[PDB]
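Undergrad: based on what follows, work out the 3D shape:
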Amino acid sequence: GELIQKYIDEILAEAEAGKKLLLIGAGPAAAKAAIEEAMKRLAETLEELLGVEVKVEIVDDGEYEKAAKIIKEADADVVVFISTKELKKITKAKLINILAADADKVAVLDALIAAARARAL
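TA: Numbering: from 1, shown residues only. Sure, structure below:
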């Protein structure tokens, strides 16, 4: 849908200009590994298509202060943060928030991967 298209437009445009990207997300205990996997798969897709270096960090659901500390201390031009709640004011990097409920986080990341490979074609 259009929101996914908007998200991948901004991620690709920002990554096209910047050099280092931080992809950070949060997951509940049972989904944390699958969410981290999806994030690494999106990271690899962006590295392969654009040539930008992408670091991945995963925190546990609700660890907003840990995420903010990671983001503020990251050497990154662009930050992509997927969470269910908007993060408060944080950073010199460009921040892109991806909003998604717990049960949708892997599906949203997978839709971004598929949108990026489609834009490549």
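Undergrad: ok, so what distance separates the residue lying closest to residue 62 once chain neighbours are set aside from residue 117?
TA: Among residues not flanking residue 62 along the chain, residue 26 sits closest, at 7.2 Å (C-beta to C-beta, 6 or more residues apart in numbering). For every residue, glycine as well, the C-beta is placed using N, CA and C. Separation of residue 26 from residue 117 (C-beta to C-beta, to the nearest Å) stands at 25 Å.
Undergrad: who has more neighbours, the two?
TA: residue 26 (25 against 12; other C-beta atoms under 10 Å).
Undergrad: so what's the residue nearest to residue 57 when sequence neighbours are not counted bridging to?
TA: Leaving aside its sequence neighbours, residue 57 sits nearest to residue 24 (C-beta to C-beta, 6+ apart; 4.4 Å). For residue 24, the beta-bridge partners are residue 57, residue 81 (DSSP bridges).
Undergrad: what residues are up against residue 24?
TA: 56, 57, 58, 59, 67, 70, 71, 79, 80, 81, 82 (C-beta atoms under 8 Å, 6 or more residues apart in numbering).
Undergrad: same question, residue 32
TA: So residue 32 contacts 58, 60 (C-beta under 8 Å, 6+ apart).
Undergrad: can you pull the buried residues of the longest helix seen in the chain?
TA: With secondary structure taken from DSSP state H, the chain has its longest helix at helix 32-50. By neighbour count on 16 or more other C-beta atoms under 10 Å, the buried set for helix 32-50 is 32, 35, 36, 38, 39, 41, 42, 43, 45, 46, 50.
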